[PDB]
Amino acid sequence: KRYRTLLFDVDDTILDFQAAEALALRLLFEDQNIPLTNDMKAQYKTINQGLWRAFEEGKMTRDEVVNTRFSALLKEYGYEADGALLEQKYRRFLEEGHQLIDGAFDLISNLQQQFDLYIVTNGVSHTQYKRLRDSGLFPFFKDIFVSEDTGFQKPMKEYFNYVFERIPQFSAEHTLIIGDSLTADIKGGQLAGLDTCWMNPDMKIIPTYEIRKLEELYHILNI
């Protein structure tokens, strides 16, 4: 077939969020003069993933996710913390990290010439615009669809409906979504009636395609 419209997730799809996060956590903890252990990093990631999942399922706001993750983590290690203040510091550090996924720039640069590209993301709009710009990816996308502007969030069908209504001459059948989240991107997109491409470099709901490297999309899209 011949897709015309490509919906990209941002974090761990085209930008290396793991890298950004690793640095921002270190800088947050340095700032707070709190030792950051490998165990603490592992617990952060379970806590953070659990909060985001709760948000995705509609049990929590995104503000709560971001403003309680650090207070919840530190509580388990004997520190009482202002979650909101720590998130403000963290956010400032995170926005400086604009590390790319291997081959992302080249890929997006080439695909822009033959497809219409859109961003679909639940991340903080200020954060996503800055990193997309600093990485060089920004100019290639026709529109940016952030959860915070919609009243909903990936994977919710109402988020994808908001997106579809706002893409001119939208055709589900000629639309591919590319993303790393099996639940947010792949299951969201499939339920919303779209083909899906699961970005899964670490080889962890059946997608139309599953890839290890962004460069595999050249073959999938026949170009």
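From 1 onward, residues are counted along the sequence shown.
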Please work out which of 69-77 and 102-110 has the higher mean CA B-factor as recorded in the PDB entry.
102-110
Tell me which stretch, 44-52 or 186-194, has the higher mean Cα B-factor listed in the entry.
186-194
Between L25, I211, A19, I14, which carries the biggest CA temperature factor in the record?
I211
Chain-wide C-alpha B factor ranking for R166, given as lowest, middle or highest third:
middle
In terms of the chain's CA B-factor thirds, is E64 lowest, middle or highest?
lowest
By the entry's values, the third containing the CA B factor of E173 is the highest
Within this chain, which third does the Cα B-factor at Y90 fall in: lowest, middle or highest?
lowest
Please place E57 in the lowest, middle or highest third of its chain according to the CA B-factor in the PDB entry.
highest
